[PDB]
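Trainee: One structure is given below, represented as C-alpha cells, and several questions about it will come after.
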Amino acid sequence: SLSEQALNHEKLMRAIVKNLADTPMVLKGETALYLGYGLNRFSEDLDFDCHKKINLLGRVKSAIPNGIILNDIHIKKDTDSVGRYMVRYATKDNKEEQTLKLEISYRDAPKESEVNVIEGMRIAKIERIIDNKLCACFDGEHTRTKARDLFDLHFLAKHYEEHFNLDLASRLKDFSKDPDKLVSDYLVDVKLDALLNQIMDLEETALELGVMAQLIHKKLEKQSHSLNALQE
C-alpha cells in the first residue's frame with residue numbers, strides 16, 4: 001500500500017530473515033506468504049521452525065539495517081520447545097517504539113528437503129503452509145477464529161491451487177462448504193482487523209473460496225480416476 005511505518009517494519013523483517021539464511025531457521029505462516037509468495041495483505045509477525053537452538057539474539061542484533069534503532073529484545077520464552085521474543089525498535093523517521101514479535105518452534109522442524117529458498121530466505125513450502133492454516137482454523141486440536149485464515153486460504157486456493165492434494169482439497173472443501181457460516185464466523189473480526197478491513201470483501205471471499213475448493217477437489221478426483229484407467 002503501504003505506510004512508512006509498515007515500510008520500516010518490512011525492512012527490519014527482511015533483514016532478519018536474510019540474516020538467518022545460513023542457519024536451520026525456516027520462516028513459516030503468514031509472513032512466509034507475504035515475503036515469499038506474494039500475499040496481498042500485510043503481515044507483521046515472524047514465525048519460524050528450527051530443529052536446534054541458535055544465537056537468535058546475536059543474529060537479530062547483527063541483522064539490524066540502517067535506519068532502524070534496536071531499543072531492546074525481551075525474551076518472553078526460551079524453552080526446549082518454544083522461543084518467543086519481543087523485538088523493540090524505533091526508526092530515523094520516528095522515535096516512537098514499535099514491536100516485532102518473533103516466535104520459534106523447535107522439533108516442529110521440516111526436513112531440510114522441505115525447505116524452499118526465495119530471494120535468499122529459507123521459507124516453508126506452500127503445502128505445509130496450507131496444512132497448518134487448515135489445522136489452525138478448521139480441524140486441528142486447538143482451532144481459532146481469525147479472518148486472516150480465510151483471506152490466506154482464499155489467496156492460496158486462487159493463486160497456488162497446484163499445491164493442493166486430495167487431502168488438503170478435501171479439508172478445504174469441508175471448511176468452506178457453508179459460506180454463510182463463514183460470514184457469520186468472521187464478520188466481526190474482519191471489521192476490527194486493520195490488516196483486512198479496508199481490502200477484504202468477506203462475502204465475496206467466502207463464496208469464491210467455497211466454489212474454488214469444489215473445483216480443485218473435483219479436478220483432483222478426475223485426475224485420479226483418469227490415472228487409474230491409464231495405469232491398466
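By order in the C-alpha cells, chains are A, B, ...; within a chain, residues start at 1; ligands start at 1, following the order shown.
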I'd like the neighbourhood of region 113-117 of chain A as a PyMOL selection string, where a residue qualifies if any of its atoms comes within 9 Å (using only C-alpha atoms), though same-chain residues fewer than 6 positions away should be ignored.
Mentor: chain A and resi 21+26+36+123-125+128
Trainee: Out of chain A, which residues get helix (DSSP H, G or I) from DSSP, as a ChimeraX atom specification?
Mentor: /A:4-22,29-36,56-63,112-114,126-139,147-159,161-163,166-176,179-192,202-231
Trainee: Env of residue 220 (chain A): 12 Å cut, atoms = only C-alpha atoms, seq-sep filter 3 positions within chain, self excluded. Answer as a tab-separated table (two decimals) with N, CA, C and O atoms, in the first residue's frame.
Mentor:
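In the end it all went to result_30.tsv:
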```
chain	number	residue	atom	x	y	z
A	161	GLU	N	-3.24	-23.16	-6.54
A	161	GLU	CA	-4.09	-24.34	-6.49
A	161	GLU	C	-3.34	-25.64	-6.79
A	161	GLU	O	-3.77	-26.72	-6.37
A	162	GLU	N	-2.24	-25.55	-7.52
A	162	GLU	CA	-1.50	-26.75	-7.90
A	162	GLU	C	-0.81	-27.41	-6.70
A	162	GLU	O	-0.35	-28.55	-6.78
A	163	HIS	N	-0.78	-26.71	-5.56
A	163	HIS	CA	-0.12	-27.25	-4.38
A	163	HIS	C	-1.07	-27.99	-3.46
A	163	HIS	O	-0.66	-28.54	-2.44
A	164	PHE	N	-2.36	-27.99	-3.80
A	164	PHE	CA	-3.30	-28.77	-3.01
A	164	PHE	C	-3.27	-30.22	-3.49
A	164	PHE	O	-3.25	-30.47	-4.70
A	165	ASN	N	-3.27	-31.17	-2.56
A	165	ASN	CA	-3.56	-32.55	-2.94
A	165	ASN	C	-4.98	-32.92	-2.51
A	165	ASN	O	-5.70	-32.06	-1.97
A	166	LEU	N	-5.38	-34.18	-2.72
A	166	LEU	CA	-6.74	-34.61	-2.36
A	166	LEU	C	-7.09	-34.34	-0.91
A	166	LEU	O	-8.20	-33.91	-0.61
A	167	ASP	N	-6.14	-34.60	-0.02
A	167	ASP	CA	-6.40	-34.43	1.40
A	167	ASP	C	-6.60	-32.96	1.75
A	167	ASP	O	-7.54	-32.60	2.46
A	168	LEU	N	-5.70	-32.10	1.26
A	168	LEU	CA	-5.81	-30.66	1.54
A	168	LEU	C	-7.09	-30.09	0.92
A	168	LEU	O	-7.80	-29.32	1.56
A	169	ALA	N	-7.36	-30.48	-0.33
A	169	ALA	CA	-8.55	-30.01	-1.05
A	169	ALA	C	-9.81	-30.46	-0.33
A	169	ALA	O	-10.77	-29.68	-0.19
A	170	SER	N	-9.81	-31.72	0.11
A	170	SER	CA	-10.99	-32.25	0.79
A	170	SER	C	-11.28	-31.47	2.06
A	170	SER	O	-12.43	-31.12	2.34
A	213	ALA	N	-12.84	-24.44	-3.92
A	213	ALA	CA	-12.47	-25.66	-3.22
A	213	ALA	C	-13.16	-26.86	-3.87
A	213	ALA	O	-12.60	-27.94	-3.94
A	214	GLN	N	-14.39	-26.64	-4.34
A	214	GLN	CA	-15.12	-27.68	-5.06
A	214	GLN	C	-14.38	-28.06	-6.32
A	214	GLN	O	-14.15	-29.25	-6.58
A	215	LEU	N	-14.02	-27.05	-7.10
A	215	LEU	CA	-13.34	-27.25	-8.38
A	215	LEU	C	-12.03	-27.98	-8.21
A	215	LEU	O	-11.76	-28.96	-8.93
A	216	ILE	N	-11.21	-27.49	-7.29
A	216	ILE	CA	-9.89	-28.07	-7.03
A	216	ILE	C	-10.06	-29.54	-6.65
A	216	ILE	O	-9.41	-30.42	-7.21
A	217	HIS	N	-10.96	-29.81	-5.71
A	217	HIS	CA	-11.22	-31.17	-5.31
A	217	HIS	C	-11.72	-32.04	-6.48
A	217	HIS	O	-11.36	-33.20	-6.60
A	223	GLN	N	-8.53	-36.37	-12.11
A	223	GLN	CA	-7.14	-36.75	-12.33
A	223	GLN	C	-6.85	-38.15	-11.82
A	223	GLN	O	-6.19	-38.95	-12.50
A	224	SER	N	-7.33	-38.44	-10.61
A	224	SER	CA	-7.17	-39.77	-10.02
A	224	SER	C	-7.86	-40.86	-10.85
A	224	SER	O	-7.22	-41.83	-11.26
A	225	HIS	N	-9.16	-40.69	-11.11
A	225	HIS	CA	-9.93	-41.66	-11.91
A	225	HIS	C	-9.30	-41.89	-13.28
A	225	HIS	O	-9.30	-43.00	-13.81
A	226	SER	N	-8.77	-40.82	-13.86
A	226	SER	CA	-8.10	-40.87	-15.16
A	226	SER	C	-6.77	-41.62	-15.07
A	226	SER	O	-6.41	-42.36	-15.99
A	227	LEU	N	-6.03	-41.39	-13.98
A	227	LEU	CA	-4.73	-42.02	-13.79
A	227	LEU	C	-4.87	-43.54	-13.72
A	227	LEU	O	-4.08	-44.28	-14.33
```
Trainee: Between CA of residue 171 (chain A) and CA of residue 25 (chain A), measure the distance and give it in Å to one decimal.
Mentor: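 So the answer is 28.3 Å.
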Trainee: Name the closest residue to residue 150 (chain A) among the candidates A:30, A:222, A:47, A:88; distances are taken between atoms, counting only C-alpha atoms.
Mentor: A:30
Trainee: So which residues touch residue 109 (chain A) within 6 Å, counting only C-alpha atoms, skipping near sequence neighbours fewer than 4 positions away, as a list in words?
Mentor: residues 49, 50 and 51 of chain A
Trainee: Can those selected residues be exported to a file as an mmCIF file, in the first residue's frame so that it contains C-alpha atoms?
Mentor:
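As a result, part_9.cif now contains:
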```cif
data_model
loop_
_atom_site.group_PDB
_atom_site.id
_atom_site.type_symbol
_atom_site.label_atom_id
_atom_site.label_comp_id
_atom_site.auth_asym_id
_atom_site.auth_seq_id
_atom_site.Cartn_x
_atom_site.Cartn_y
_atom_site.Cartn_z
ATOM 1 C CA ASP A 49 10.550 -23.690 12.759
ATOM 2 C CA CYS A 50 14.051 -24.813 13.686
ATOM 3 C CA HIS A 51 15.434 -28.220 14.684
#
```
Trainee: Looking at only C-alpha atoms, which of A:15, A:54, A:118, A:135 is the one that sits closest to residue 33 (chain A)?
Mentor: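 Smallest separation from residue 33 (chain A) among the options: A:118.
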Trainee: Could you tell me which of A:57, A:134, A:75, A:2 comes closest to residue 174 (chain A) if we count only C-alpha atoms?
Mentor: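 Result for the nearest residue to residue 174 (chain A): A:134.
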Trainee: Any idea what's packed within 7 Å of region 96-108 of chain A, counting only C-alpha atoms, ignoring anything in its chain fewer than 3 positions away? Could you give it as a VMD selection string?
Mentor: chain A and resid 45 to 52 80 to 90
Trainee: Could you save those same residues with C-alpha atoms as a JSON list (two decimals), in the first residue's frame?
Mentor:
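Generated file (result-v7.json):
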```
[["chain", "number", "residue", "atom", "x", "y", "z"],
["A", 45, "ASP", "CA", 4.87, -11.22, 13.00],
["A", 46, "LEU", "CA", 7.80, -13.57, 12.30],
["A", 47, "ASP", "CA", 7.26, -17.29, 12.89],
["A", 48, "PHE", "CA", 9.92, -19.98, 12.40],
["A", 49, "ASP", "CA", 10.55, -23.69, 12.76],
["A", 50, "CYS", "CA", 14.05, -24.81, 13.69],
["A", 51, "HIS", "CA", 15.43, -28.22, 14.68],
["A", 52, "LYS", "CA", 18.02, -26.80, 17.12],
["A", 80, "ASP", "CA", 13.13, -26.72, 24.71],
["A", 81, "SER", "CA", 10.06, -26.40, 22.55],
["A", 82, "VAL", "CA", 9.40, -22.68, 22.04],
["A", 83, "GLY", "CA", 11.17, -19.35, 21.54],
["A", 84, "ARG", "CA", 9.25, -16.10, 21.92],
["A", 85, "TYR", "CA", 10.84, -12.69, 21.62],
["A", 86, "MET", "CA", 9.64, -9.08, 21.50],
["A", 87, "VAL", "CA", 12.00, -7.04, 19.36],
["A", 88, "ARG", "CA", 11.53, -3.38, 20.26],
["A", 89, "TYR", "CA", 12.79, -0.76, 17.86],
["A", 90, "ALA", "CA", 12.47, 2.76, 16.50]]
```
